[PDB]
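*Asks:* One structure, as structure tokens, below. Some questions next.
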Amino acid sequence: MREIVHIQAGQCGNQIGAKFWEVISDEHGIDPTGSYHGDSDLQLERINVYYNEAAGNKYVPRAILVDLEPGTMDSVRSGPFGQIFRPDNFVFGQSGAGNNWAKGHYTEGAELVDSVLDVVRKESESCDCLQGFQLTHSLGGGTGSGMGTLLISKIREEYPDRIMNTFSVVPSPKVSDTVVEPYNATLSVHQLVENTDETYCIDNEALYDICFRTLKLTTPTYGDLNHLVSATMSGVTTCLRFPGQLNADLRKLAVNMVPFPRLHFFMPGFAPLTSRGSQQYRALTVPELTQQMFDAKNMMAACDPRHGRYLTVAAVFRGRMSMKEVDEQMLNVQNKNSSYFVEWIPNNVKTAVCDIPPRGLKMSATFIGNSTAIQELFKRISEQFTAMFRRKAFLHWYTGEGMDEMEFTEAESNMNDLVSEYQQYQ
Amino acid sequence: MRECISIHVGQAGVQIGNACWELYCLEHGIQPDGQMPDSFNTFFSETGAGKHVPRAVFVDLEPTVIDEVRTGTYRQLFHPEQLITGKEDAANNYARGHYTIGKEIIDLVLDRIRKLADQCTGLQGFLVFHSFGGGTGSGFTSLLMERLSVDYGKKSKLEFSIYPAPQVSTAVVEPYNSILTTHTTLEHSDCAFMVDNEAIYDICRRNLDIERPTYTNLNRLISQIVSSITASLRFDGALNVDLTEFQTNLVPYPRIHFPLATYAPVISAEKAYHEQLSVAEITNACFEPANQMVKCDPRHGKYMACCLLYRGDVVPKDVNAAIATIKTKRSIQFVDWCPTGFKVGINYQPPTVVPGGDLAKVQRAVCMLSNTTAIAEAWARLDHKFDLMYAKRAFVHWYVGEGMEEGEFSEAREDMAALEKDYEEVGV
Amino acid sequence: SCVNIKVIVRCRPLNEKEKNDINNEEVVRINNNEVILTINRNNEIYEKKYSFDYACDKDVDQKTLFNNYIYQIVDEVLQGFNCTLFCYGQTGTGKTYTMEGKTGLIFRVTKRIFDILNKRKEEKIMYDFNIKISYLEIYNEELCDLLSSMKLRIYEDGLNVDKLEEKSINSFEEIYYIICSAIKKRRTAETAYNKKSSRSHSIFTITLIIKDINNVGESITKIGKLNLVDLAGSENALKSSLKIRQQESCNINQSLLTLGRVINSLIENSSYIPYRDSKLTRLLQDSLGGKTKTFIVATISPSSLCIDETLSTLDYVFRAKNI
Ligand SMILES: Nc1nc2c(ncn2[C@@H]2O[C@H](COP(=O)(O)CP(=O)(O)OP(=O)(O)O)[C@@H](O)[C@H]2O)c(=O)[nH]1
Ligand SMILES: Nc1nc2c(ncn2[C@@H]2O[C@H](COP(=O)(O)OP(=O)(O)OP(=O)(O)O)[C@@H](O)[C@H]2O)c(=O)[nH]1
Ligand SMILES: [Mg+2]
Ligand SMILES: [Mg+2]
């Protein structure tokens with residue numbers, strides 16, 4: 001019931017996804033081999049949300065791996081749980097997208113998408129009650145951007161009644177990679193705004209900064225960055241598989257999060273966070289989660305919520321708590337911080353409570369914020385873009401693949417309008 | 001003899017239900033397996049030797065709510081036919097609950113209800129549980145209520161339902177669901193008992209001394225109201241008052257049908273060591289604004305009517321004296337319309353306490369049902385919240401996409417306004 | 001000339017089914033700028049009031065309506081101003097014919113325009129008049145230019161559609177026959193109401209290139225960009241009671257909702273952002289506060305039989321002034 005198909009794409013996507021599946025597999029009692037050897041019947045009652053049940057009590061991730069760089073598939077296969085993923089769902093090409101959206105959208109990507117989409121159809125047709133598609137990728141490149149965009153567009157057209165839930169990594173204003181970062185991001189955002197129903201803007205700069213300052217890691221790696229991302233992803237899809245005092249599915253989440261359908265971009269976060277040393281000082285109660293959760297320093301965005309105000313926020317609390325404590329703290333937050341919320345919404349906080357905490361915690365919380373400060377992300381991307389487009393920098397690499405100049409004009413326009421709309425509510 | 005069929009709609013509907021059934025079971029001594037190592041048939045039909053089953057239907061568009069029921073200890077009590085689910089929830093969306101998903105569930109549900117009704121003869125009415133802020137608890141229940149008003153019509157349509165609290169809220173489209181729910185409620189229900197959330201927590205922390213109440217604390221208090229309302233159904237009294245007599249003595253005017261309620265004493269087991277729980281003390285407690293389960297304040301209006309149900313070790317002369325004392329308390333005003341406004345009943349059976357509960361076991365208790373102009377405040381708060389959302393059409397697209405017309409929000413708003421107006425005018 | 005929004009309601013005579021039914025009682029009274037609808041709901045008698053510029057009752061015909069406002073619109077457009085007019089209305093109104101006739105909106109407009117253009121070119125003596133046309137319809141959120149006999153991407157250099165056909169018109173008759181062909185291409189939804197109900201928003205564009213080739217002004221080119229937009233009326237799910245119903249509940253009802261937000265925002269001078277909410281809005285963004293005359297028309301019958309529908313209609317429409 002309310003099955004989820006997870007489509008990973010690009011190396012970022014496939015690595016985040018690898019960790020995502022590691023985490024949820026532990027949560028459902030699934031060994032690195034795929035067999036179930038868990039703690040509670042609950043783990044099986046909803047195991048089918050993410051896994052296909054198979055002979056031998058093997059639970060196979062209902063997921064697809066995607067890139068134009070074959071080593072990627074073997075890299076996923078080389079890890080624990082890599083042998084659980086269905087051998088058939090590693091779909092790949094032999095080229096790389098060249099860090100070029102057009103190559104991954106109009107050319108090599110087109111061939112890959114038709115192959116991938118057919119795999120998607122089979123996994124989807126095999127479901128009794130599909131809730132949606134979870135997609136994981138980055139804006140920073142070719143496959144995650146181009147393939148991501150083309151594939152998600154086709155999937156939504158074939159499955160318009162299902163949720164298109166995208167978790168994606170957005171480029172840093174400072175910690176850049178390619179010389180065309182803004183082209184790839186802008187060209188994808190252009191369609192992102194029409195194809196995705198729900199978007200989580202995972203900011204790589206912030207992600208690093210959280211690990212560096214909050215968790216106080218001396219030498220954080222992408223694995224550590226992925227730990228926090230996995231906490232978000234696994235944190236969002238909680239009550240679907242972990243019932244409690246106040247339940248909520250993704251449709252419910254969406255209904256109570258986006259008042260103006262275009263504004264479906266969120267800033268993720270997770271609490272509690274701690275260094276190992278700081279564990280000795282934690283006040284492990286609802287007020288601890290509350291005060292950490294609404295602390296701007298722990299928001300996984302380069303945007304700083306104190307900049308503006310929130311349109312809508314939500315939290316899913318998990319574990320050992322009373323409902324009164326949750327309600328009390330949320331009211332106290334809105335009163336305490338009333339200057340940070342939009343006055344048009346008579347209650348800016350959506351809640352849910354799961355009776356099962358993440359493993360190792362007495363309690364926890366998933367935090368989603370539809371903040372007006374998100375305009376900072378997109379504004380900064382636009383500035384990076386217009387600087388290059390105005391000089392036709394690297395334009396030869398994209399128009400050389402058949403793109404029109406008009407495509408850049410349209411993409412820029414959508415981003416600028418997107419930014420203006422967020423600003424409209426400040 | 002006489003009987004009721006319960007309907008539980010939405011997660012809260014179902015969990016309130018589960019709590020209510022635990023209490024009903026305890027009051028009669030039925031075990032979770034249906035054995036009982038009479039008036040028991042008011043709810044639990046004998047089905048065969050050694051087996052009794054409660055008459056109820058549980059519904060939620062989400063499989064989980066019912067699975068929680070199916071896997072509980074009472075899995076051996078309820079017949080499997082009584083448990084109905086959808087595949088996807090209403091997502092806190094009235095339109096989805098009424099026009100989109102509830103569209104198929106309703107046939108499954110009416111079948112079961114019809115089958116329960118056909119198996120009995122004393123049916124006096126239905127007891128439905130839902131929340132004005134929900135999806136299934138709004139849209140689906142609205143659908144069901146309309147249908148039942150056709151299938152039965154004449155049987156009592158009684159309901160218990162949660163209204164949005166002054167401050168405590170769980171969702172953000174909650175104001176829309178509540179206005180829409182009212183529109184239907186007003187033309188199909190016979191008697192709707194208003195239930196708060198925040199007020200009840202406040203009762204829990206002050207009267208029951210609970211620092212951190214949960215949904216099971218709220219449900220035990222709700223359960224006490226439910227038990228007392230049906231106490232006359234189930235047990236002999238000195239002054240027997242029928243469920244239809246309550247309704248007869250409830251409504252001063254055809255458009256007035258939302259009683260408010262409380263319960264006393266509500267004391268912790270520790271306070272019970274010292275509290276002087278006399279008939280008069282309990283009676284007096286029931287009129288203090290601080291103890292109402294509805295956040296309203298009677299000192300700012302008039303009572304249209306008031307009915308007290310005494311349970312347990314009470315003597316009619318002391319009861320009459322206590323009420324007579326209340327009649328002199330000028331701080332309590334009644335509409336000019338009803339100089340004979342007080343009603344009273346006395347049941348021989350005291351209320352019971354659910355194991356694990358905070359509520360003290362007492363020899364005397366009072367369940368107070370009342371009809372007052374103070375209810376307008378609840379409505380006013382809702383209208384203000386609704387208008388902000390409505391004015392900018394926030395989240396309206398979520399309802400329109402399920403087939404709801406924009407005009408339905410407008411009309412429901414006008415009906416809500418009319419509702420408040422009527423309760424204001426009858427204040428004389 | 002510019003976006004002042006004038007609003008008209010056209011009350012219709014009852015049709016034969018409406019007259020035959022026991023609910024043929026008319027409950028609508030129209031005064032020149034206001035509509036009073038007697039509320040008999042729950043027998044609570046109220047003068048429910050709505051306000052209009054043109055509160056036109058059942059006695060008002062097509063020629064009268066033309067003179068009341070269309071006439072005025074056409075004449076301002078032809079001076080070099082844009083205009084966007086849109087229509088809304090009830091099931092059973094036959095607005096799908098009223099919009100054209102042979103005389104309805106498009107043809108009465110077309111006859112007026114060509115009569116005017118013929119007289120004006122005589123005065124100039126051409127006037128380099130040249131009309132471009134298109135039937136850009138929306139079906140399941142897809143564009144459909146019924147002018148052509150696919151990939152209709154919207155772009156804005158400059159707002160236009162990839163492969164949009166722009167036929168160049170010299171005469172009423174060309175339009176007449178083009179329309180006759182174009183209407184055969186209308187795609188439908190099977191509804192309980194009508195098994196062949198149209199299922200689209202439809203933008204008929206009449207764009208006149210005007211060049212003031214007087215002794216002075218020959219260099220001045222103005223464009224009489226007239227949009228006659230037939231909005232799909234909101235669907236009552238019961239009248240469609242299915243896959244298309246859902247597609248069109250969204251495409252129609254959400255689009256109407258959207259246009260609502262747009263208009264309200266326009267009225268509230270809290271504009272621009274809404275221009276991007278839907279392709280319909282974007283396509284009609286030229287109407288949103290620019291040098292475009294605007295006009296809103298809706299058609300209703302008065303019978304008790306159709307009042308819930310009437311009220312929904314009047315709600316949507318009344319908010320054109322009342323938000
Ligand atoms: N948070 C994380 N970000 C990552 C990770 N790996 C890469 N990235 C970020 O994503 C961007 C690089 O993207 P990719 O390797 O995914 C490009 P992709 O393989 O999808 O397409 P190609 O253009 O064909 O390589 C950049 O911002 C990296 O800094 C990761 O494990 N975690
Ligand atoms: N009193 C009490 N409080 C609870 C319970 N569970 C949640 N609440 C309250 O009851 C409502 C909880 O809403 P839900 O049950 O999720 O609403 P719903 O009708 O199930 O809506 P959908 O499942 O979205 O259709 C809110 O009004 C809470 O304040 C319960 O068992 N009773
Ligand atoms: Mg790669
Ligand atoms: Mg539910």
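Ligands are numbered from 1 in the order shown, chains are lettered A, B, ... in the order of the structure tokens, and residues start at 1 in each chain.
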Could you give me the residues within 7 Å of ligand 2, counting only C-alpha atoms and all ligand atoms, as a PyMOL selection string?
*Replies:* (chain A and resi 245-247+252) or (chain B and resi 9-13+15-16+60-62+89-93+97+130-131+133-138+162-164+169-170+197+215-216+218-219)
*Asks:* Residues within 8 Å of ligand 3 should be enumerated using only C-alpha atoms and all ligand atoms and returned as a PyMOL selection string.
*Replies:* chain A and resi 10-12+67-69+72+96-97+99+142-143
*Asks:* Just the selected residues (C-alpha atoms), exported as a PDB file, in the first residue's frame, please.
*Replies:*
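Once written, part-v2.pdb looks like this:
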ATOM      1  CA  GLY A  10      23.868  10.489 -11.510  1.00  0.00           C
ATOM      2  CA  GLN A  11      26.792   9.697  -9.240  1.00  0.00           C
ATOM      3  CA  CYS A  12      25.537  12.092  -6.592  1.00  0.00           C
ATOM      4  CA  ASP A  67      24.361   7.063 -15.257  1.00  0.00           C
ATOM      5  CA  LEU A  68      26.359   7.119 -18.527  1.00  0.00           C
ATOM      6  CA  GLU A  69      29.478   6.014 -16.611  1.00  0.00           C
ATOM      7  CA  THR A  72      29.054   3.750 -11.253  1.00  0.00           C
ATOM      8  CA  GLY A  96      29.411  10.239 -19.472  1.00  0.00           C
ATOM      9  CA  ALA A  97      27.313  13.356 -20.124  1.00  0.00           C
ATOM     10  CA  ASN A  99      28.891  17.719 -17.548  1.00  0.00           C
ATOM     11  CA  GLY A 142      24.459  16.179 -17.145  1.00  0.00           C
ATOM     12  CA  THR A 143      22.772  12.939 -15.999  1.00  0.00           C
TER      13      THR A 143
END
*Asks:* What does the structure give for the distance between CA of residue 243 in chain A and CA of residue 200 in chain B, in Å to one decimal?
*Replies:*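 These atoms are spaced 24.0 Å apart.
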*Asks:* Point out the residue among A:31, A:320, A:348, A:168 with the least atom-to-atom distance to residue 284 in chain A, counting only C-alpha atoms.
*Replies:* A:320
*Asks:* Any idea what's packed within 6 Å of range 257-259 of chain B, counting only C-alpha atoms, ignoring anything in its chain fewer than 4 positions away? Could you give it as JSON, numbers by chain?
*Replies:* {"B": [191, 192, 193, 370, 371]}
*Asks:* Any chance you could export the current selection's C-alpha atoms as a compact mmCIF listing (two decimals), in the first residue's frame?
*Replies:*
# COMPACT_ATOMS: atom_id res chain seq x y z
CA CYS B 191 -27.52 16.46 18.05
CA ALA B 192 -23.84 17.27 17.89
CA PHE B 193 -21.72 17.33 21.00
CA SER B 370 -25.83 22.21 28.33
CA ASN B 371 -27.08 24.53 25.67
*Asks:* Figure out the distance between CA of residue 102 in chain C and CA of residue 2 in chain C, please, to one decimal in Å.
*Replies:*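 So the answer is 29.1 Å.
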*Asks:* Please identify every residue of chain B that has at least one atom no more than 7 Å from any atom of chain A, counting only C-alpha atoms, and report them as a PDB file with C-alpha atoms, in the first residue's frame.
*Replies:*
ATOM      1  CA  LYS B  87      -5.703   2.403   0.195  1.00  0.00           C
ATOM      2  CA  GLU B  88      -4.637   6.107   0.369  1.00  0.00           C
ATOM      3  CA  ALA B  91      -4.719  13.825   2.983  1.00  0.00           C
ATOM      4  CA  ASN B  92      -6.588  16.231   5.232  1.00  0.00           C
ATOM      5  CA  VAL B 168      -3.783  24.193  19.198  1.00  0.00           C
ATOM      6  CA  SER B 169      -3.863  23.082  15.581  1.00  0.00           C
ATOM      7  CA  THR B 170      -2.375  20.115  13.794  1.00  0.00           C
ATOM      8  CA  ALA B 171      -2.652  21.230  10.216  1.00  0.00           C
ATOM      9  CA  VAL B 172      -2.968  24.306   8.058  1.00  0.00           C
ATOM     10  CA  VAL B 173      -5.937  23.593   5.828  1.00  0.00           C
ATOM     11  CA  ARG B 212       2.182  15.589  29.858  1.00  0.00           C
ATOM     12  CA  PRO B 213      -1.171  14.284  28.528  1.00  0.00           C
ATOM     13  CA  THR B 214      -1.391  12.011  25.503  1.00  0.00           C
ATOM     14  CA  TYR B 215      -4.193  11.069  23.216  1.00  0.00           C
ATOM     15  CA  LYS B 385      -9.070  31.837  10.580  1.00  0.00           C
ATOM     16  CA  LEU B 388      -7.572  34.711   5.983  1.00  0.00           C
ATOM     17  CA  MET B 389      -7.124  31.500   4.069  1.00  0.00           C
ATOM     18  CA  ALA B 394      -4.487  29.573  -0.081  1.00  0.00           C
ATOM     19  CA  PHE B 395      -4.453  25.854  -0.764  1.00  0.00           C
ATOM     20  CA  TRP B 398      -5.908  21.296  -3.496  1.00  0.00           C
TER      21      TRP B 398
END
*Asks:* List all protein, DNA and RNA residues that have an atom no more than 8 Å from any atom of ligand 1, counting only C-alpha atoms and all ligand atoms, and report them as a ChimeraX atom specification.
*Replies:* /A:9-13,15-16,67-69,96-101,104,137-145,169-172,175-177,202-204,207,222-223,225-226,229
*Asks:* Pick out the residues sitting within 10 Å of residue 325 in chain B, and hand them over as a PyMOL selection string; count only C-alpha atoms, and ignore anything fewer than 3 positions along from it in its own chain.
*Replies:* chain B and resi 280+283-284+319-322+328-329
*Asks:* Extract the full set of strand (DSSP E or B) residues from range 140-284 of chain C according to DSSP on the backbone, and format it as a VMD selection string.
*Replies:* chain C and resid 142 to 145 154 to 156 159 to 161 167 to 169 188 to 189 197 to 198 201 to 211 221 to 230
*Asks:* Those selected residues, please, written with N, CA and C atoms and delivered as an mmCIF file, in the first residue's frame.
*Replies:*
data_model
loop_
_atom_site.group_PDB
_atom_site.id
_atom_site.type_symbol
_atom_site.label_atom_id
_atom_site.label_comp_id
_atom_site.auth_asym_id
_atom_site.auth_seq_id
_atom_site.Cartn_x
_atom_site.Cartn_y
_atom_site.Cartn_z
ATOM 1 N N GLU C 142 -3.019 20.994 -22.921
ATOM 2 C CA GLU C 142 -2.244 21.057 -24.145
ATOM 3 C C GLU C 142 -2.790 22.135 -25.034
ATOM 4 N N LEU C 143 -1.926 22.796 -25.775
ATOM 5 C CA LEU C 143 -2.437 23.782 -26.697
ATOM 6 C C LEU C 143 -2.953 23.150 -27.951
ATOM 7 N N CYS C 144 -3.942 23.773 -28.554
ATOM 8 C CA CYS C 144 -4.475 23.274 -29.787
ATOM 9 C C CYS C 144 -4.979 24.375 -30.697
ATOM 10 N N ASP C 145 -4.182 24.713 -31.681
ATOM 11 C CA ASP C 145 -4.532 25.789 -32.574
ATOM 12 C C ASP C 145 -5.440 25.233 -33.629
ATOM 13 N N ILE C 154 5.161 27.165 -25.890
ATOM 14 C CA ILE C 154 5.014 28.600 -25.684
ATOM 15 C C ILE C 154 6.354 29.198 -25.386
ATOM 16 N N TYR C 155 6.677 30.282 -26.050
ATOM 17 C CA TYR C 155 7.934 30.945 -25.781
ATOM 18 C C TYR C 155 7.711 32.433 -25.850
ATOM 19 N N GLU C 156 8.610 33.210 -25.272
ATOM 20 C CA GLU C 156 8.424 34.648 -25.334
ATOM 21 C C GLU C 156 9.660 35.450 -25.623
ATOM 22 N N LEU C 159 5.646 36.987 -27.178
ATOM 23 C CA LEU C 159 4.961 35.802 -26.721
ATOM 24 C C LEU C 159 4.303 35.149 -27.897
ATOM 25 N N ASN C 160 4.640 33.899 -28.118
ATOM 26 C CA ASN C 160 4.070 33.183 -29.226
ATOM 27 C C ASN C 160 4.236 31.693 -29.023
ATOM 28 N N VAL C 161 3.730 30.948 -29.974
ATOM 29 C CA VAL C 161 3.754 29.514 -29.915
ATOM 30 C C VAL C 161 4.469 28.901 -31.103
ATOM 31 N N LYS C 167 -3.223 32.962 -39.767
ATOM 32 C CA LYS C 167 -3.731 33.167 -41.126
ATOM 33 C C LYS C 167 -4.030 34.622 -41.330
ATOM 34 N N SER C 168 -3.655 35.125 -42.499
ATOM 35 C CA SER C 168 -3.869 36.513 -42.892
ATOM 36 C C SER C 168 -5.220 36.683 -43.573
ATOM 37 N N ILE C 169 -6.054 37.518 -42.982
ATOM 38 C CA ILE C 169 -7.416 37.765 -43.405
ATOM 39 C C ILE C 169 -7.668 39.126 -44.060
ATOM 40 N N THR C 188 -13.974 17.008 -27.745
ATOM 41 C CA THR C 188 -14.964 16.978 -26.683
ATOM 42 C C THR C 188 -14.704 16.019 -25.539
ATOM 43 N N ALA C 189 -15.521 16.164 -24.497
ATOM 44 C CA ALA C 189 -15.559 15.261 -23.352
ATOM 45 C C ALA C 189 -16.915 14.621 -23.330
ATOM 46 N N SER C 197 -19.762 17.543 -25.154
ATOM 47 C CA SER C 197 -19.400 18.843 -24.603
ATOM 48 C C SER C 197 -18.024 19.242 -25.035
ATOM 49 N N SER C 198 -17.861 20.494 -25.400
ATOM 50 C CA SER C 198 -16.530 20.926 -25.737
ATOM 51 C C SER C 198 -15.733 20.750 -24.471
ATOM 52 N N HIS C 201 -10.581 25.538 -23.322
ATOM 53 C CA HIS C 201 -10.618 26.983 -23.265
ATOM 54 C C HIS C 201 -10.319 27.339 -24.695
ATOM 55 N N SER C 202 -10.839 28.435 -25.225
ATOM 56 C CA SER C 202 -10.510 28.742 -26.612
ATOM 57 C C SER C 202 -10.200 30.183 -26.923
ATOM 58 N N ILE C 203 -8.954 30.460 -27.300
ATOM 59 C CA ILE C 203 -8.612 31.834 -27.584
ATOM 60 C C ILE C 203 -8.716 32.150 -29.050
ATOM 61 N N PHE C 204 -9.753 32.873 -29.434
ATOM 62 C CA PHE C 204 -9.809 33.254 -30.820
ATOM 63 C C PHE C 204 -9.108 34.572 -30.910
ATOM 64 N N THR C 205 -8.113 34.642 -31.742
ATOM 65 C CA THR C 205 -7.411 35.884 -31.875
ATOM 66 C C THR C 205 -7.687 36.486 -33.216
ATOM 67 N N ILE C 206 -7.987 37.776 -33.186
ATOM 68 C CA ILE C 206 -8.171 38.625 -34.336
ATOM 69 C C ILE C 206 -7.164 39.755 -34.196
ATOM 70 N N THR C 207 -6.047 39.698 -34.897
ATOM 71 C CA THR C 207 -5.062 40.739 -34.679
ATOM 72 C C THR C 207 -4.928 41.637 -35.874
ATOM 73 N N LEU C 208 -5.380 42.872 -35.740
ATOM 74 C CA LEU C 208 -5.359 43.759 -36.890
ATOM 75 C C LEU C 208 -4.152 44.662 -36.981
ATOM 76 N N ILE C 209 -3.436 44.570 -38.079
ATOM 77 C CA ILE C 209 -2.319 45.463 -38.248
ATOM 78 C C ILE C 209 -2.913 46.707 -38.884
ATOM 79 N N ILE C 210 -2.719 47.855 -38.240
ATOM 80 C CA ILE C 210 -3.284 49.132 -38.664
ATOM 81 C C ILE C 210 -2.189 50.113 -39.039
ATOM 82 N N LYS C 211 -2.203 50.705 -40.236
ATOM 83 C CA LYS C 211 -1.141 51.679 -40.513
ATOM 84 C C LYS C 211 -1.786 53.001 -40.881
ATOM 85 N N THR C 221 2.290 52.309 -37.020
ATOM 86 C CA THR C 221 1.601 51.048 -37.087
ATOM 87 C C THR C 221 1.121 50.698 -35.708
ATOM 88 N N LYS C 222 -0.147 50.398 -35.614
ATOM 89 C CA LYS C 222 -0.754 50.043 -34.358
ATOM 90 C C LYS C 222 -1.390 48.696 -34.509
ATOM 91 N N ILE C 223 -1.526 47.968 -33.415
ATOM 92 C CA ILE C 223 -2.130 46.667 -33.562
ATOM 93 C C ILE C 223 -3.403 46.459 -32.758
ATOM 94 N N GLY C 224 -4.476 46.176 -33.471
ATOM 95 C CA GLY C 224 -5.776 45.938 -32.879
ATOM 96 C C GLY C 224 -5.858 44.486 -32.423
ATOM 97 N N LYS C 225 -5.099 44.140 -31.395
ATOM 98 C CA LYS C 225 -5.053 42.741 -30.985
ATOM 99 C C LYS C 225 -6.246 42.358 -30.130
ATOM 100 N N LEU C 226 -7.267 41.814 -30.789
ATOM 101 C CA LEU C 226 -8.505 41.409 -30.133
ATOM 102 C C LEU C 226 -8.581 39.906 -29.860
ATOM 103 N N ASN C 227 -8.706 39.567 -28.592
ATOM 104 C CA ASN C 227 -8.818 38.188 -28.154
ATOM 105 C C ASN C 227 -10.214 37.916 -27.654
ATOM 106 N N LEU C 228 -10.876 36.966 -28.272
ATOM 107 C CA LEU C 228 -12.210 36.581 -27.876
ATOM 108 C C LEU C 228 -12.057 35.192 -27.277
ATOM 109 N N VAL C 229 -11.973 35.133 -25.957
ATOM 110 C CA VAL C 229 -11.625 33.896 -25.305
ATOM 111 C C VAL C 229 -12.810 33.196 -24.694
ATOM 112 N N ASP C 230 -13.068 31.998 -25.144
ATOM 113 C CA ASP C 230 -14.188 31.257 -24.619
ATOM 114 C C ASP C 230 -13.664 30.412 -23.471
#
*Asks:* Find the spatial neighbours of residue 199 in chain B, counting only C-alpha atoms, within a cut-off of 9 Å - ignore same-chain residues fewer than 6 positions away - and output them as number ranges by chain.
*Replies:* B: 165-166, 290-295
